[PDB]
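Each chain gets a letter, A, B and so on, in the order its sequence line appears, and its residues count up from 1. Both ligands and their constituent atoms are indexed starting at 1 by order of listing. Values reported hereafter were calculated over all heavy atoms of this structure, with side chains retained and with hydrogens, waters and symmetry mates removed.
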Number of protein chains: 2
Amino acid sequence: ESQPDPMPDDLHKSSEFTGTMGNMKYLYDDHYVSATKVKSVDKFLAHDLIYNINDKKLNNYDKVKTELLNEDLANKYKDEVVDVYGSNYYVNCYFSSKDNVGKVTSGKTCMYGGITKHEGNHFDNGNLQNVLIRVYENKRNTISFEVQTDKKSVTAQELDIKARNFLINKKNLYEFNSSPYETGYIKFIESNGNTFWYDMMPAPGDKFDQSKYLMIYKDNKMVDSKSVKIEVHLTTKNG
Amino acid sequence: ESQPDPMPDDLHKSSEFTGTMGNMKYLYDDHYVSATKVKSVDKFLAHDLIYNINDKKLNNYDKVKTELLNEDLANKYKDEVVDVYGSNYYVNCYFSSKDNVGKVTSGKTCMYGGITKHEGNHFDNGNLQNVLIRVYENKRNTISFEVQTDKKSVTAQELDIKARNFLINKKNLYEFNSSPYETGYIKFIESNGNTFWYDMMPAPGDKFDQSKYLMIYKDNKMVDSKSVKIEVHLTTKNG
Ligand SMILES: [Zn+2]
Ligand SMILES: [Zn+2]
């Protein structure tokens, strides 16, 4: 039922990415859209939902569009009061068919998934759940830290974003020019036996497409915060 | 992330099962445990939960034990008000360490999974959701029918039980001595892209172990009733 671990050549090597690593760092360093108790107002294409989410701090947007895997997954959340959490982008972000290619977008932002039902998804006493992350550097458990969440069923996105944010500060996961690591993947292990992973490095080439990379969250995958296990496996550029 | 379709030899052939097919038929023909708004009262082993569920019609039991994949999945539902639906058995059903091998059990019954949270899992107007089942006989769509459920997030077990029950009556899926079909599998396709299947035929040999066969529900797998697709693929013994 689950997805097997990555083989040597299934992973992206950072040395084969000749572009700016700061484009990857931008997506995980204190960067996220967070909304509370909202309902869908409109749709652009059949598989997406548009929301009226305003940026409090920077005020870079007042409307958010999130793409889902298909029409079915979108219509499931169309008229639901939900909470939103995910990594947004502006380059090649379209809300209408009259938008040209290369659009940088003004007060609107785009993202994938990051949707959870509001009703019945929070802890009884208004507490926060601690999720433990185990970090492996060259098959050696160097450090372990905890991220928090107010959700019982949380998207894999929220946990991954919070895990990378910490790693950028503590271990310099992503820097402007490059990365101290050659390969890296975040693996999720559910209490129902299901496992899956995400490639933490950008595809080979001199260009980085943010909207193409964030498609890994399109499926809106969720995990039980109390029982899920998370492992980050990294390998240094040296040895 | 998902499970690939079965290869020719991944499936059980009914001609290689020299036992009584009525043992398989017994588990799906108007046979199921159904409970409403209950909470766990005790535990036998670390991965299971015992409930006070009484049989209304036949009164064959007043206590039910359901086994889950592990301690984590069990402790998740330990203090939750839940609804139960699944296929039960009595042969080799133990509730204590003082139970001998081959126990037929009196007023107690055993099952796997079949657990869903009660709060926030029912349709707004008190309606029932119709789930369409597509039947393929020798790669040919012969018939299509609908099963019903009062749950938004239903276990794969409840749907499979209801699908087989209909097929036993309409197509004689399982009979006492044998089966008109050589192979058969029920495939689930989720709106999140995940797919998985179950083998509908008993393992080769002259003996049928009901408790070993029902372990396919141990993981307590659930699907979104409104968007899930179900396909039953069968092959006749002839051609
Ligand atoms: Zn909420
Ligand atoms: Zn209920």
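Proximity of A:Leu167 to A:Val135: side-chain heavy atoms (C-beta onward) are separated by under 4.5 Å at one or more points. Using a 4.5 Å cut-off on side-chain heavy atoms (C-beta onward), A:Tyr94 and A:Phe44 make contact. At a threshold of 4.5 Å between non-hydrogen side-chain atoms, the residues B:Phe188 and B:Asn194 do not count as touching.
Closest N/O/S atom of B:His122 to the Zn ion (ligand 2): NE2. Of all the N, O or S atoms in A:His118, the one closest to the Zn ion (ligand 1) is ND1.
With 2.8 Å as the limit, A:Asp83 counts as an N, O or S neighbour of the Zn ion (ligand 1).
A donor-acceptor pair under 3.5 Å is formed between the side chain of A:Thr105 and the backbone N or O of A:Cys93.
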